[PDB]
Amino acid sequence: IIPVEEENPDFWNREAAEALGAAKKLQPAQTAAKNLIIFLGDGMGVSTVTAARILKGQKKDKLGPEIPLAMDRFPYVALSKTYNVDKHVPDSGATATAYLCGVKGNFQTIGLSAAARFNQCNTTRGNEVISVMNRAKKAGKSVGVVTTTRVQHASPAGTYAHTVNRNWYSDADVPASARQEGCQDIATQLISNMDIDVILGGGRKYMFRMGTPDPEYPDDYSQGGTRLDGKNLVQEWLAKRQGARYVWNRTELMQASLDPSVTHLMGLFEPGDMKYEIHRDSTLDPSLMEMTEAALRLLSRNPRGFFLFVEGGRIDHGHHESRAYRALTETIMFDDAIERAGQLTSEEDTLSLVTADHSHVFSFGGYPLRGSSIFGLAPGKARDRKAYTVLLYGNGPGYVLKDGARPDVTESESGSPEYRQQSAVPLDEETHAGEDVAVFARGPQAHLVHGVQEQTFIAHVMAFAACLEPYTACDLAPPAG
């Protein structure tokens, strides 16, 4: 459909005049960032952003593409080059090293320079690269890690961990030789490497000894503790800190976040990754936005400021399943968390960056009409006389042949939360994609986020803005009130 107001050139001329006015008003800060937030949309490439924008727009009863996401309102944009040192199409671990530690690494390692080698424990030491979050903590800031994945998953692990193998969630995953060589599982590193004030996400199971029933699924043994060393890492973490609280459900999280005596909060809401938002039990589990707010309640108390990592972690997972419905709904929730954080913080003293670790082979094509559902069929039949969807994947588990032929698809099928968009090539999991991703920035020194940059720039501009190592001689004035 053609919106009538848009048929008039004045509509476009006014909008552009306003955009020019806003552009002209942008001025760089001469002051440091008190607070740092990185919002990481895992797998949230440019095609994901646009498709999510359209979906979000339509959920708000608009046509879609004209409605800004919260991230779209950020004044500064750059393109970020995501290649890992060893692979053009990266993984989450080595990209986390880039955007969290400011150094590129090798595929499937975390918090290590590219001198380290995947799954070779004996290449670890000397190659640890320290995250901006770690540097923020050393400088006296409170720090928080919030994600819809396991808190031991590759992205959040980038803020605290150093490992040659992102798969080493608990000691059960670490080969005996690596255990003897002292390569700690990620769950251990979570509680041991550094003090983290707020830890929120999934990954209960890695914290408890094998045979420990999960509190939420005591009748599903597969959800229980994984640990072989008999340690209760939650208990160990709590014992180290007065005012520390552990929560496994939403209501306790709420309670803890409002409690002045709670100085450290660990909230682990599922045994593994958290449920997709569309599957979330809102009585038991906090949304990403809620976890973000909980974190900010505690982190904001520190007069020295905070560093916060917030991950839309299952955007990535939706794309891997080639279920764009899941990828895009996760993206919207992620954008909602960005919006919520912007309400709770000031751009006068908070540098906020939104980015992705990398993209996916997700495309938005055909020639759909304005206002049509992002999950709909492209107008017109394909050359095999069957329908096709506007959303497609280059590869992944949506590839199907029924009776030797590409299956037809209906609008009813294509719109289902379980629908897998078709691909060119069958794979159990759709792949990441290697094209540049966006960086959106606002707050002190956000104007430094510009042009086309290496992904490592994300970490460096954040360290610079808050005058953290290696930029303690940042030459910035104190954060604005």
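The first residue of the shown sequence is 1; numbering continues from there.
For the segment pair 8 to 16 and 454 to 462, the entry gives 8 to 16 the higher mean B-factor, averaged over Cα atoms.
Per-stretch averaging of Cα B factors for 141 to 149 and 171 to 179 places 171 to 179 on top.
Within the listed group 44, 67, 51, 36, the record reports its top CA B-factor for 67. The residue among 201, 158, 368, 404 whose C-alpha atom has the highest B-factor in the PDB entry is 404.
When the CA B factors of the chain's modelled residues are split into thirds, the value for residue 273 lands in the middle one.
Ranked by Cα temperature factor within the chain, residue 432 sits in the lowest third according to the deposited record.
Among all modelled residues in this chain, the alpha-carbon of residue 400 has a temperature factor (C-alpha) in the highest third. Looking at the C-alpha B-factors along this chain, the one for residue 394 belongs to the lowest third. The deposited CA B-factor of residue 87 belongs to the middle third of values across its chain.
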